[PDB]
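Fold and geometry: a report
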Amino acid sequence: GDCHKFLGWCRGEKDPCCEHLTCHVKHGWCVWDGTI
């Protein structure tokens, strides 16, 4: 189950992202999270 690439496309889809990422509904692309 490959993970969506960074700054990909989340809008319309409801699937998980790569490590340290979260499907952004508003923006519409996986963004960094947890690493700070």
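What counts and what doesn't
Residues numbered from 1 in each chain as written, not as in the entry; some residues may be left out. Heavy atoms only, no water. Helix = DSSP H or I, 4+ residues; strand = E, 2+ residues; numbered from the N terminus. Buried < 20%, exposed > 50% of the residue type's maximum accessible area, 1.4 Å probe, protein only. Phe/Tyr/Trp six-rings, centres within 6.5 Å; stacked < 30°, edge-to-face > 60°.

Its PDB header attributes the entry to solution NMR.

Here the PDB entry's recorded title is "Solution structure of kappa-theraphotoxin-Aa1a".

In this fold, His 27 is placed in the loop between β1 (21–22) and β2 (31–32). Judged by relative accessible area, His 27 falls into the partly exposed class, the value being 40%. With 20 residues separating them along the chain, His 27 and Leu 7 place their C-alpha atoms 9.2 Å apart.

Right, let's get into the packing of aromatic side chains. Taken as a whole, this structure holds one aromatic pair when the rule is applied. Consider the rings of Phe 6 and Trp 32, whose centres lie 4.2 Å apart with planes at 20°: the pair is stacked. A residue pair is termed long-range when its members are at least 10 positions apart, and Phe 6 in the segment before β1 and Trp 32 in strand β2 qualify at 26 residues.

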